[PDB]
């Protein structure tokens, strides 16, 4: 149980839900367990814009905050989606096959799976240098897998930040990189329907598309 209420760059912290669309778990710190819900995208059944949009240079690392620290086992993953030219980010929900993955977490494989996200209160998110400047949504998710051996038991903790990415390049992620939310995930996916406990897995297939790099 945690939210992802903040993102920041190089000018101190922001306020909760200042640059992050207020997630529907803002009171209970709970999860989405329905990969078919609109909430799987930005945790909003009713779209509501963030108060502001954060300017960040492509190729730099910003910070996505959690509250309180992440403590369920499983991966952090981050996706970007570029708002079309002529559309206002405040109004854009990010529907269709527009999301590309820029990070996913692999566990360390030992007697148990250990996750570097354990105990972390924030995460560095490296924005690709080569993507086109524009307005973007940055989707954060943590997937808690402690009881995920049953369908519908994986716990998704999600939010989305509004960014203005500057100083871009000209690389467009391929069609194979871009997915929709809902759409990208199925309840049967091997990194969602999974017993991480015993026997311990010796590999882990993150859900969603390949990580896009320049």
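Positions refer to the first chain, counted from 1.
**Q** As stated in the PDB record, which stretch has the larger average Cα B-factor, 63 to 71 or 34 to 42?
**A** Comparing 63 to 71 with 34 to 42, the higher mean C-alpha B-factor belongs to 63 to 71.
**Q** Test of understanding: from the entry's C-alpha B-factors, which stretch has the higher mean, 78 to 86 or 124 to 132?
**A** On average, C-alpha B-factors are higher across 124 to 132.
**Q** Out of 109, 115, 92, 100, which residue has the highest Cα temperature factor in the PDB record?
**A** Answer for 109, 115, 92, 100: 109, with the highest C-alpha B-factor.
**Q** Just the C-alpha B-factor column, please: which of 182, 152, 168, 49 has the biggest number?
**A** So the option with the highest C-alpha B-factor is 168.
**Q** Would you check the entry's CA temperature factor for residue 176 and let me know if it's in the chain's lowest, middle or highest third?
**A** According to the entry, residue 176 has a C-alpha B-factor in the chain's highest third.
**Q** Quick one: classify residue 195 as lowest, middle or highest third of the chain based on its Cα B-factor.
**A** Ranked within chain, residue 195 CA B lands in the middle tercile.
**Q** Looking at the temperature factor on the CA atom of residue 162, which third of the chain's modelled residues does it land in?
**A** Bottom third by C-alpha B-factor.
**Q** When the modelled residues of the chain are sorted by Cα temperature factor, does residue 55 land in the lowest, middle or highest third?
**A** CA B-factor rank for residue 55: highest third.
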